[PDB]
Structures are given as structure tokens and as C-alpha cells.
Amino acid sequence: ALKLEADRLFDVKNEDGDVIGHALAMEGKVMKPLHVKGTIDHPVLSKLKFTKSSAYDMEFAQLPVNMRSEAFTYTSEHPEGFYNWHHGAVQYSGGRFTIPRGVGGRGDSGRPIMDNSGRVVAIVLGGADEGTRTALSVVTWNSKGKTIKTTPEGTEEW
């Protein structure tokens, strides 16, 4: 099985090699959440120096040219409805992004939430359980490009 399409999603491994989170390539940058303390599983992207950003709970660095082209796209505009992440659908109902209960957990931060067109829309960081559903803590961006970091009361970071 030849995988002729380039990765844009990478694993953030600890010192044992357990995958504890994810890093992604979007809008000219490699970007992972600051709180995941591990290395990016890639020969090139790990030797780069990342710029922390506590405010947004993010670390980033600019991608090495030949990779910049094969990177995601972000869309500021995003309607209520349903979006999709790795474990299925993600709902959007006025400000909150929610998935079912017991689906997301530790290791899922840095995973994007995207539309059916394949453009990124948010970045998971953790999630607030609410009995029936789980209110995700995302990192979105507006029409201008201002980084917003929505965080529900009682969030366990992932």
C-alpha cells in the first residue's frame, strides 16, 4: 500500500515513544499545543525552534519551504452544523464545538476539526465533559486572523 500523499498531521511522542498529542502543518507553519511536552516525530520539524505563546496555548515555527505547499488551510467563516474530526462528527451550536461523551481523551489535542471541503476550522486542546456531551476547548481564528482560544468551564487538557 503506497501512501503517495504527504502528511500534514504529525505525532508528538514522549521519551518512551508513546504518542501524547499532535502537531499539524497549517498556513505556512508547523503548530502544536504548548502544553503537550514531547517531540514531533519528524526528522526535519524537530530540529526547528518553536516560538511559545502561553496566551493561545500554542507553539509554532515556520515550515521548511518544500513542505509549505502541502499544508492545510484555515477558514475563518464557519456556520452551525456538523464538522469532522478523527473520531467522527463534531457539532457546532452557537460558540461551542461539541462531540459525544467518552470519545475524545488524552492524546487528541492538536487534532484539527475541519469541514467537508478539507479546510481546518479549529484545533482541539482539551475538553469539558457535561454528562451527555463534551464541550471542546479549541483555538479558532477570525476574519482578521486574531487567535481566539475558547475554553469551557472545567476543562481537562488533552
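Quick note: we count residues from 1 along the sequence shown, nothing fancier.
Visitor: With respect to the recorded C-alpha B factors, which stretch has the higher mean value, 104-112 or 118-126?
Guide: Looking at the recorded C-alpha B-factors, 104-112 comes out higher on average.
Visitor: Between 127-135 and 24-32, which has the larger average Cα B-factor in the PDB entry?
Guide: So the stretch with the higher mean C-alpha B-factor is 127-135.
Visitor: Thinking about Cα B factors across the chain, which third does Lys13 belong to?
Guide: For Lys13, whose C-alpha B-factor we compare with every modelled residue in the chain, the answer is the middle third.
Visitor: What third of its chain's C-alpha B-factors does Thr147 belong to: lowest, middle or highest?
Guide: For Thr147, whose C-alpha B-factor we compare with every modelled residue in the chain, the answer is the lowest third.
Visitor: Compare the C-alpha B factor of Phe50 with those of the other modelled residues in its chain, then answer lowest, middle or highest third.
Guide: For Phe50, the deposited C-alpha B-factor lands in the highest third.
Visitor: Could you say whether, by C-alpha temperature factor, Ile99 belongs to the lowest, middle or highest third of its chain?
Guide: Answer is middle: the recorded C-alpha B-factor places it there.
Visitor: Where does the C-alpha B-factor of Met58 rank in its chain, lowest, middle or highest third?
Guide: Bottom third by C-alpha B-factor.
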